[PDB]
Amino acid sequence: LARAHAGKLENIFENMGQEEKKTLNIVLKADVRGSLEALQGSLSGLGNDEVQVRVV
Amino acid sequence: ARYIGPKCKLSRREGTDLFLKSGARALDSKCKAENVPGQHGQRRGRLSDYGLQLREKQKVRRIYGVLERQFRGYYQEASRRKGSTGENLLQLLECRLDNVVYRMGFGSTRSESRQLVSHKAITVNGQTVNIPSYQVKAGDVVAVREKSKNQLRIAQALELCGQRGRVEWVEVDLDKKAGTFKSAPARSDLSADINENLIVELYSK
Amino acid sequence: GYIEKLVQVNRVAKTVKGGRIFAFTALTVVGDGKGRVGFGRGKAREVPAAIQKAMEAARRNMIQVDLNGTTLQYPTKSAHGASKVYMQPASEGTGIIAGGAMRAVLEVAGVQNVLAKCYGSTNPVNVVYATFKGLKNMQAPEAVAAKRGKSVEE
Amino acid sequence: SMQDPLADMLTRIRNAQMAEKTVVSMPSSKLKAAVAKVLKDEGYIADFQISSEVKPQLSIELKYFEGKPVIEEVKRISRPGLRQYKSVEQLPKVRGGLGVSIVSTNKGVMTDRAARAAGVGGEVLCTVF
Amino acid sequence: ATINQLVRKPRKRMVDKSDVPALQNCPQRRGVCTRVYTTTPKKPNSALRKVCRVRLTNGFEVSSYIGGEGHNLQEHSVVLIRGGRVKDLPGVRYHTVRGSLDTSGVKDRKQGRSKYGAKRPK
Amino acid sequence: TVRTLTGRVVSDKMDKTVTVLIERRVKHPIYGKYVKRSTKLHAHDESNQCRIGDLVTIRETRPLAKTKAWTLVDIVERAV
Amino acid sequence: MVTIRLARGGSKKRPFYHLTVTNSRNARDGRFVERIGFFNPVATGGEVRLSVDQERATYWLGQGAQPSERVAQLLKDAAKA
RNA sequence: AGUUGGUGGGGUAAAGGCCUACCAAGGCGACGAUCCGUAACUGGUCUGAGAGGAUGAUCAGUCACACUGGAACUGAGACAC
RNA sequence: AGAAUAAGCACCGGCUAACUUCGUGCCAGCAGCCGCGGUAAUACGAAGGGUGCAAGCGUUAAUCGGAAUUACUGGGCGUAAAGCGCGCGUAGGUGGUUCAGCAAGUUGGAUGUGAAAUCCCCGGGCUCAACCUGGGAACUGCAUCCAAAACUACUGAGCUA
Ligand SMILES: [Mg+2]
Ligand SMILES: [Mg+2]
Ligand SMILES: [Mg+2]
Ligand SMILES: [Mg+2]
Ligand SMILES: [Mg+2]
Ligand SMILES: [Mg+2]
Ligand SMILES: [Mg+2]
Ligand SMILES: [Mg+2]
Ligand SMILES: [Mg+2]
Ligand SMILES: [Mg+2]
Ligand SMILES: [Mg+2]
Ligand SMILES: [Mg+2]
Ligand SMILES: [Mg+2]
Ligand SMILES: [Mg+2]
Ligand SMILES: [Mg+2]
Ligand SMILES: [Mg+2]
Ligand SMILES: [Mg+2]
Ligand SMILES: [Mg+2]
Ligand SMILES: [Mg+2]
Ligand SMILES: [Mg+2]
Ligand SMILES: [Mg+2]
Ligand SMILES: [Mg+2]
Ligand SMILES: [Mg+2]
Ligand SMILES: [Mg+2]
Ligand SMILES: [Mg+2]
Ligand SMILES: [Mg+2]
Ligand SMILES: [Mg+2]
Ligand SMILES: [Mg+2]
Ligand SMILES: [Mg+2]
Ligand SMILES: [Mg+2]
Ligand SMILES: [Mg+2]
Ligand SMILES: [Mg+2]
Ligand SMILES: [Mg+2]
Ligand SMILES: [Mg+2]
Ligand SMILES: [Mg+2]
Ligand SMILES: [Mg+2]
Ligand SMILES: [Mg+2]
Ligand SMILES: [Mg+2]
């Protein structure tokens, strides 16, 4: 809960500084925890300055 | 559970003697027992009928030191029994083992008699009982274990029970600390200040 | 008799040019606890004066009630206005099982085992009227024996 | 349309004691006569007389004692729309037994105390106090 | 009514409807938060009440009140709702449970802090 | 011995059997009034000697068809 | 067949037994035909250890009821006294 | 429209439209048939002064079911957990 | 062996037992119903104090009660909701008054049944209680016989309000 709140605070501050971003929301299931963490880490550098991808 | 804490705010809040100390020195010269406890002590504050009934029930419960659920059980048993539940409740309360040990002079107060009973120092029919709720029947012989007959507590308790009034329903054999329960004490054997009608009124609502 | 119960105290108002005048009304019951009972109403601009007027009014017009040793003769059912009242004798161990004005009336009159109930409007003053109407028309034996001899009727 | 004449007897007696009268006259019947007889036996009325000539009339003399009627409350229990029947142990006690309740048993019309004494139930007819 | 009329047609009992149609006989139900916003109370009162739109597992979509002095609820957060309407707000029939799934409870509360999901300060 | 039922004849259009109506009077469970109920039974008339309106008595035997398990033993009130 | 056996009641580590006449293919504590006494493995004090109806037991044994091993031993002990 | 009753015959451990061939036109229903929805039933349990209201967890009796739809065989007993 | 190893939760404006200070200022918030909060808030948030319970305490959901608020026990319909616009009449409900009979309703008794457990009473065992258990009561009902004839029903014969 604490990490979620801190991330929300930082993201809200940055977004209000810039403007808005178009999110692509995905629900990701995997077979092993290592694969899940690798996918989550690798699907974070794919966004842009106007579009971004979120794992909900 | 058990109420453990200041055992004299209860007397001030109830406004009666409500014996909880040994009665050795006094009650007035320990707490100025004329004000309700707390900051707002000087206020009088006349209260309502429900308040009077609640105060009466609390006074009885704090006299005999039992909690609410056991007291409700006592009330249900008194209602179930025949003949005027009002004094049936007192008949049943006056037969508990800790109260009987207190009345026999083995303990100074109810808490100390509870201390004695719970710590395996009392035998009822020649065999050990340590439940401070055991309803003693007419004709039992409450005694003290031989390994527990040299405790001073009993000595001071007996010499101080020597002057509080004659119970006249238990015979204590002072030299070897053995008692006898002749019968339950009738309503006329207790103080005529408790208004048990208020208790029955409170629970019948 | 001297037993005072303050059944009710209330604040009423009337309107004139300028605003409102407040008055205090009190309803009380008086009795000796052994047969006699009366009720009184008193109005003033002060609560103590209204209560004293109610007590003085209630001390008059006392009535005598026939009762079977702190217990009613037979079940009674009495009405006044929209208020209805049921009463019936109870055994010795019972207390007063009644609500509000009825409890004060019955305790003052001297009955101790009444097991009562009220229906309809529960206006305290009308309940008091209904309770005295029930209690006053209570016959008791040796008076119902106006017809014939006694011990054969029962 | 005179669906029930015994309730008419009771109502005539009631309305006549409200009006402070001494005598009540009505058409007679073998059940009204029994009810009047038991009422007299209990002392609620002074006398009852029955005339001749095919249209006999019952005349009841009322008591007053003090400035109030002797018959305080009277009411018909088993109307032609209910027909209440009771056993021995379920017979009502009006006003703790101070009053009486009329019961028609197979032994005739009588009072609740007589029915309890005889161990007989029956048809509750009316109640008087 | 008469005995004949009652025999021909017995007296009928009217059923009382539940105040909380969602959460059908359940003490609580969980849902996902679709909107978080503030509303204005009714006429005699003035405030800015915190309310959230919740889609339940029943398929219902209701409005729930968020108690306390501060919260951290966003869209797509999972919450547990219970009964109890807010009289001041029209159309709000449910309450959000503080400290159950994603609500985290009120911070710095020290009196009655069991209706708000706050632990003992110790 | 053997217990019987007594009632009216309401139909005799069938062959070697009759329809009998039995009237009972039952106290209502809650409102206390006495209401009248009817029972319809199919009884066995061997020689077709019962006509509509007759008051007869019947007893119980083994089933003789479906919906027919009663047999009549006496005609006691002949119809007009 | 029809047997006479012990149905267990009482509580944990405190068993009480009813001597019951049952169709053999019933539950141990299920339906029965008749109870003909009881057995108390602990007893003590004023409690009796076992009691049986002689009349009913003899009647059922005469009708072809097979008692169990415990029922046989207890019944012969009761007949001994 | 085998629907309701009669007769001859078959069938069952056993009465019976249970089945079959002829004969008749009956049978049920405002004392609620048929249809629609809902639901295992009872001893009992919870409330209530009582009358009533609500309800069939654990315990005991009965019923029905055994992935879904049918059928029989073996057997004293199954249409077979 | 040593006091050694073990107390929290709700509430304090009225209903409803228990009150004051400090912050805030129609905000932040509270709330079961009335309702609180706009600069002295016993109602919001803390702190002191107090009141209920207590190895538990509160909240939510649900049933009955209070509700005589579906009123059989035990309510109403001139003006608060409630008499069809008014007749006639079918099923049904109800039935003036005398004899006589019958015995469906009705009343009394006997027999059988109404499983055990559960509820209740008197006892007995666990150190007490919960719990287990013996005997009794009850199961208010149903069926069959015997008896009674006031009332209702049915049958026959009358009388005129
Ligand atoms: Mg406990
Ligand atoms: Mg009202
Ligand atoms: Mg609520
Ligand atoms: Mg045939
Ligand atoms: Mg054919
Ligand atoms: Mg054939
Ligand atoms: Mg076969
Ligand atoms: Mg068949
Ligand atoms: Mg054939
Ligand atoms: Mg239908
Ligand atoms: Mg189903
Ligand atoms: Mg009630
Ligand atoms: Mg059901
Ligand atoms: Mg199960
Ligand atoms: Mg079962
Ligand atoms: Mg299959
Ligand atoms: Mg075979
Ligand atoms: Mg099978
Ligand atoms: Mg198998
Ligand atoms: Mg107060
Ligand atoms: Mg201030
Ligand atoms: Mg408040
Ligand atoms: Mg506060
Ligand atoms: Mg509730
Ligand atoms: Mg009701
Ligand atoms: Mg309610
Ligand atoms: Mg009514
Ligand atoms: Mg009304
Ligand atoms: Mg109008
Ligand atoms: Mg109007
Ligand atoms: Mg008109
Ligand atoms: Mg007609
Ligand atoms: Mg007539
Ligand atoms: Mg007629
Ligand atoms: Mg039983
Ligand atoms: Mg014992
Ligand atoms: Mg018995
Ligand atoms: Mg005769």
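Each chain gets a letter, A, B and so on, in the order the sequences are listed, and its residues count up from 1.
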_Contact list please: residues 26-34 of chain D against RNA chain H, heavy atoms, distance less than 4.0 Å, in numerical order._
none
*Donor on one side chain, acceptor on other, D:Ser104 and D:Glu123, under 3.5 Å*: yes
*asked:* Applying the 3.5 Å rule to both hydrogen-bond distances, is there a Watson-Crick or wobble pair between I:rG85 and I:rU24?
replied: no
*May I ask you to evaluate whether G:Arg14 reaches the phosphate of I:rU133, defined as a side-chain N or O under 4.0 Å from OP1 or OP2?*
no
*Give the ring-plane orientation class for F:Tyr34 versus D:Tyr85, where under 30° counts as parallel, over 60° as perpendicular and anything between as tilted.*
perpendicular
_Looking at H:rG44, which nucleotide sits across from it as a Watson-Crick or G-U wobble partner, both distances under 3.5 angstrom, or is there none?_
H:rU55
*Tell me, please, if I:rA40 and I:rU70 meet the Watson-Crick or G-U wobble pairing rule with both distances under 3.5 Å?*
no
*For E:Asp88, which contact category applies under a 4.0 Å heavy-atom criterion: base, sugar-phosphate, or nothing?*
base
*Is the base of I:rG105 touched by the side chain of D:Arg83 through a donor-acceptor pair closer than 3.5 angstrom?*
no
_Sugar-phosphate only, base, or nothing, as touched by G:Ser51 at under 4.0 Å among non-hydrogen atoms_ = nothing
*So is I:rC36 sitting in a Watson-Crick or G-U wobble pair with I:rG74, both distances under 3.5 Å?*
no
*Looking for any heavy atom pair under 4.0 Å, which part of the strands does G:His18 touch: base, sugar-phosphate only, or nothing?*
sugar-phosphate
*Counting heavy atoms from C-beta on, name the nucleotide in H:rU4, I:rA28, I:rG52 closest to the side chain of E:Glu69.*
I:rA28
*Reckon E:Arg11 touches a base, only the sugar-phosphate, or nothing at all at heavy-atom distances under 4.0 Å?*
base
*asked:* Parallel, tilted or perpendicular: which one describes the rings of E:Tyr65 and E:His95, with boundaries at 30° and 60°?
replied: perpendicular
_Distance-only donor-acceptor test (3.5 Å): side chain D:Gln3, base I:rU94_ = yes
_Watson-Crick or G-U wobble partner of I:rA143, both distances under 3.5 Å_ = I:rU111
*asked:* What contact category does B:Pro132 fall into here, base, sugar-phosphate, or nothing, at under 4.0 angstrom with non-hydrogen atoms?
replied: nothing
*Please check the phosphate of I:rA67 (OP1 and OP2 only) for any side-chain N or O of C:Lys117 closer than 4.0 Å.*
yes
*Hey, can you check I:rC19 for me, is the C1'-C2'-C3'-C4' torsion putting it north or south?*
south
*asked:* North or south for the sugar of H:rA25? Use the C1'-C2'-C3'-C4' sign convention, positive meaning north.
replied: south
_Pseudorotation half of I:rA4 (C1'-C2'-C3'-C4': positive north, negative south)_ = north
*Could you tell me whether G:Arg25 contacts a base, only the sugar-phosphate backbone, or nothing, with contacts defined as non-hydrogen atoms closer than 4.0 Å?*
base
*Would you kindly give the OH-to-P distance between F:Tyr31 and I:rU73, to the nearest whole Å?*
10 Å
*asked:* Does the structure show a Watson-Crick or G-U wobble partner for I:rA117, both distances under 3.5 Å? Name it, or say none.
replied: none
_Nucleotides I:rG123 and I:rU73 paired (Watson-Crick or wobble, under 3.5 Å)_ = no
*Taking everything shown except E:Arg93 itself, do over 12 heavy atoms lie less than 6.0 Å from its CZ?*
no
*Rounded to whole angstroms, how far apart are CZ on F:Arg25 and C1' on I:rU106?*
11 Å
*asked:* Syn or anti for I:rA7? Use the chi torsion, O4'-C1'-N9-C4 for purines and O4'-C1'-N1-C2 for pyrimidines, with syn inside 90° of 0.
replied: anti
_Applying the 3.5 Å rule to both hydrogen-bond distances, is there a Watson-Crick or wobble pair between I:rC19 and I:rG48?_
yes
*asked:* Would I:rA81 be called syn or anti here, given the cut-off of 90° from 0?
replied: anti
*Does the ring of I:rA91 sit north or south, if a positive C1'-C2'-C3'-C4' angle means north and a negative one means south?*
north
*asked:* Please tell me whether I:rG14 and I:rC33 form a Watson-Crick or G-U wobble pair, using a cut-off of 3.5 Å on both distances.
replied: yes
*Using the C1'-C2'-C3'-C4' torsion, which pucker class fits H:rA14: north or south?*
north
*Searching all strands shown, indicate the nucleotide that pairs with I:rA153 (Watson-Crick or G-U wobble; both distances under 3.5 Å).*
none
*Steps toward side chain to side chain contact (heavy atoms under 4.5 Å, CB included) verdict (C:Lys84, C:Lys77)*: CA-CA 7 Å; C:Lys84 302 186 275 192; C:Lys77 164 193 317 194; over 6 Å; no
*Any strand is fair game: report the nucleotide pairing with I:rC53 by Watson-Crick or G-U wobble, both distances under 3.5 Å, or none.*
I:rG8
